[PDB]
Amino acid sequence: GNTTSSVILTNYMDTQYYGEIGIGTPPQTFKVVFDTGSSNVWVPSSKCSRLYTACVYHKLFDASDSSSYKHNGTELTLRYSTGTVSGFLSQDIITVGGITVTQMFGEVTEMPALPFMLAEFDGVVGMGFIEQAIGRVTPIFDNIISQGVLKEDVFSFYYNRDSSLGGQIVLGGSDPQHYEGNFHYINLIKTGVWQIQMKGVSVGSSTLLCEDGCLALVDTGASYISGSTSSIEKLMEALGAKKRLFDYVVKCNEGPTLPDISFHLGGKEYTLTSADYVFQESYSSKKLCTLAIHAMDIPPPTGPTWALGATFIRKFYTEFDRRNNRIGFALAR
Ligand SMILES: CCc1cccc(-c2c(F)cccc2[C@](O)(CCCNC(=O)OC)[C@@H]2CCCN(C(=O)C[C@H](O)CN)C2)c1
Ligand SMILES: CCc1cccc(-c2c(F)cccc2[C@](O)(CCCNC(=O)OC)[C@@H]2CCCN(C(=O)C[C@H](O)CN)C2)c1
């Protein structure tokens, strides 16, 4: 097949990037985040108790409203760093862009208030490998490969700066409009996860972290860049940032003067200036500005690892290659 189809993404405050997918006949619309860090697709369910407030505020899937719905009903539990969602498995036809697929997805009957009452998205579409899929359910992208409609077996991500297009994901290729130059490709350490070897982390001129090498998970569902607590504690100390309850902050006036942060991947230096990784709401010295970096300790086998999230993707257009098991990087525009 020659097909390459694009899905438009809505950018909410440079934290949450989501798009729309139909489910069933007639299609039921859902706002979903496309996450390379998880392999499962799930949406809120009409069987979700209203005692969970998230199921009131978000859109619910009604199985009996779709004639293509096929019952499964196996228990499913997904674990994130934030907590757990629970539900049961179902199967229906899912539309993404111009592509339709019959897909096994979760129907979530348990949706904790924290985080999900802060979610502008209804659900998640896992772009990860089947190796990470709870219940070993075929991921959506694998079902798309089987259809052989794609021009290529690769898919790419584009995240924009809030201010116009929000963001775009392309299935089957990349969009030259949103990147310049050529892609620099880096192989995955192993199949089953989107992760690449990182040869170190630099603050300004000196490389202060990840000196002997570390893991970098490219995560399209990650809002920030996240490293191990040990790494971050040293990074923020070097930047002079102060730890709040949630975030790391710096005096808003000092933000533009913070040094650059470079990530060394595939022998090349990937730099993020203070303008890239700092939220500047004001430049006043009397206000504190949030940093787009924080600490998250990812448990093995996946961790300990860095996570390169929207902060990183925003500057660098990312191509995910299934056929060759590699990740391309190009300057975003
Ligand atoms: C479906 C992923 C997920 C799971 C749990 C909570 C949230 C969530 C949330 F409900 C409300 C606000 C913010 C978040 C996140 O900031 C990411 C939001 C969507 N990602 C996006 O657009 O990246 C461009 C998360 C907050 C906790 C740490 N996060 C993760 O661990 C996400 C994993 O990297 C991806 N599976 C981000 C999102
Ligand atoms: C703003 C203080 C803060 C710090 C750290 C985490 C949260 C948090 C949280 F606890 C629970 C849910 C969602 C969030 C955030 O989505 C960021 C999550 C990080 N994800 C990640 O690294 O994925 C790999 C925030 C939710 C509100 C909007 N956010 C902002 O950063 C707004 C800033 O105040 C703007 N200056 C993100 C909040």
# chains A, B, ... in the order shown; residues from 1 in each chain; ligands from 1
$ residues_around --residues "segment 1-8 of chain A" --least-positions-apart "6" --cutoff "6 Å" --atoms "only C-alpha atoms" --output "JSON, numbers by chain"
{"A": [97, 98, 149, 150, 151, 168, 169, 170, 171, 172]}
$ residues_near_ligand --ligand "ligand 2" --cutoff "10 Å" --atoms "only C-alpha atoms and all ligand atoms" --output "number ranges by chain"
A: 12-16, 37, 81-82, 114-119, 219-227, 243-249, 278-282, 288-296, 306-311
$ select_by_dssp --residues "segment 37-281 of chain A" --states "strand (DSSP E)" --output "MDAnalysis selection string"
chainID A and resid 42:44 70:79 84:96 99:110 123:126 154:159 167:171 179:187 195:203 206:209 214:218 225:227 242:243 248:251 261:265 268:272
$ residues_around --residues "residue 205 of chain A" --least-positions-apart "4" --cutoff "12 Å" --atoms "only C-alpha atoms" --output "PDB file with N, CA and C atoms, in the first residue's frame"
ATOM      1  N   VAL A 201      24.975  13.257  29.490  1.00  0.00           N
ATOM      2  CA  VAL A 201      24.101  14.413  29.656  1.00  0.00           C
ATOM      3  C   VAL A 201      24.968  15.594  30.068  1.00  0.00           C
ATOM      4  N   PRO A 259      21.978  27.639  31.714  1.00  0.00           N
ATOM      5  CA  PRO A 259      22.799  27.038  30.660  1.00  0.00           C
ATOM      6  C   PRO A 259      21.987  26.066  29.818  1.00  0.00           C
ATOM      7  N   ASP A 260      22.575  25.679  28.692  1.00  0.00           N
ATOM      8  CA  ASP A 260      21.939  24.708  27.821  1.00  0.00           C
ATOM      9  C   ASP A 260      22.047  23.310  28.422  1.00  0.00           C
ATOM     10  N   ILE A 261      21.127  22.445  28.012  1.00  0.00           N
ATOM     11  CA  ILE A 261      21.144  21.035  28.383  1.00  0.00           C
ATOM     12  C   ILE A 261      21.221  20.230  27.096  1.00  0.00           C
ATOM     13  N   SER A 262      22.246  19.392  26.986  1.00  0.00           N
ATOM     14  CA  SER A 262      22.474  18.589  25.795  1.00  0.00           C
ATOM     15  C   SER A 262      22.380  17.114  26.149  1.00  0.00           C
ATOM     16  N   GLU A 269      25.119  15.665  19.446  1.00  0.00           N
ATOM     17  CA  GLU A 269      24.684  16.465  20.583  1.00  0.00           C
ATOM     18  C   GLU A 269      23.293  17.028  20.307  1.00  0.00           C
ATOM     19  N   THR A 271      20.682  19.507  21.876  1.00  0.00           N
ATOM     20  CA  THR A 271      20.710  20.592  22.847  1.00  0.00           C
ATOM     21  C   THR A 271      19.320  21.183  23.039  1.00  0.00           C
TER      22      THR A 271
END
$ residues_around --residues "residue 20 of chain A" --least-positions-apart "2" --cutoff "8 Å" --atoms "only C-alpha atoms" --output "list in words"
residues 7, 8, 9, 18, 22, 29, 30, 31, 32 and 96 of chain A
$ residues_around --residues "residue 177 of chain A" --least-positions-apart "5" --cutoff "12 Å" --atoms "only C-alpha atoms" --output "list in words"
residues 158, 168, 170, 317, 330, 331, 332 and 333 of chain A
$ write_last_selection --atoms "N, CA, C and O atoms" --output "compact mmCIF listing (two decimals), in the first residue's frame"
# COMPACT_ATOMS: atom_id res chain seq x y z
N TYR A 158 4.93 14.85 15.86
CA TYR A 158 5.27 16.27 15.84
C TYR A 158 4.48 16.98 16.93
O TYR A 158 3.25 16.99 16.90
N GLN A 168 0.90 16.91 15.15
CA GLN A 168 0.53 15.95 14.12
C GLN A 168 1.32 14.66 14.28
O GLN A 168 2.53 14.68 14.53
N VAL A 170 1.91 11.03 12.03
CA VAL A 170 1.77 10.45 10.70
C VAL A 170 1.99 8.95 10.81
O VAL A 170 3.00 8.50 11.37
N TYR A 317 11.59 16.68 15.72
CA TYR A 317 10.65 15.77 15.08
C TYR A 317 11.16 14.34 15.18
O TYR A 317 12.32 14.05 14.87
N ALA A 330 14.98 14.67 13.74
CA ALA A 330 15.16 15.79 12.83
C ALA A 330 14.71 17.07 13.52
O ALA A 330 13.79 17.06 14.34
N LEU A 331 15.35 18.18 13.16
CA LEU A 331 15.00 19.47 13.74
C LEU A 331 13.57 19.84 13.38
O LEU A 331 13.20 19.87 12.20
N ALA A 332 12.77 20.13 14.40
CA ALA A 332 11.35 20.40 14.19
C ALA A 332 11.15 21.83 13.71
O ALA A 332 11.91 22.74 14.06
N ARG A 333 10.12 22.02 12.90
CA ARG A 333 9.76 23.35 12.42
C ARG A 333 8.26 23.44 12.14
O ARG A 333 7.64 24.49 12.32
$ atom_distance --atom1 "atom CA of residue 63 of chain A" --atom2 "atom CA of residue 35 of chain A"
24.1 Å
$ closest_residue --among "A:108, A:203, A:258, A:127" --to "ligand 1" --atoms "only C-alpha atoms and all ligand atoms"
A:127
$ residues_around --residues "residue 276 of chain A" --least-positions-apart "3" --cutoff "8 Å" --atoms "only C-alpha atoms" --output "mmCIF file with C-alpha atoms, in the first residue's frame"
data_model
loop_
_atom_site.group_PDB
_atom_site.id
_atom_site.type_symbol
_atom_site.label_atom_id
_atom_site.label_comp_id
_atom_site.auth_asym_id
_atom_site.auth_seq_id
_atom_site.Cartn_x
_atom_site.Cartn_y
_atom_site.Cartn_z
ATOM 1 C CA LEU A 272 17.774 22.228 24.637
ATOM 2 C CA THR A 273 18.197 25.892 25.518
ATOM 3 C CA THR A 311 9.915 18.821 26.045
ATOM 4 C CA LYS A 315 12.247 20.656 19.316
#
$ closest_residue --among "A:213, A:267, A:87, A:301" --to "residue 192 of chain A" --atoms "only C-alpha atoms"
A:301
$ select_by_dssp --residues "segment 3-213 of chain A" --states "helix (DSSP H, G or I)" --output "MDAnalysis selection string"
chainID A and resid 54:57 63:65 113:116 130:132 134:136 140:147 176:178
$ residues_around --residues "residue 140 of chain A" --least-positions-apart "2" --cutoff "10 Å" --atoms "only C-alpha atoms" --output "VMD selection string"
chain A and resid 39 to 41 94 96 101 to 105 125 to 130 137 to 138 142 to 145
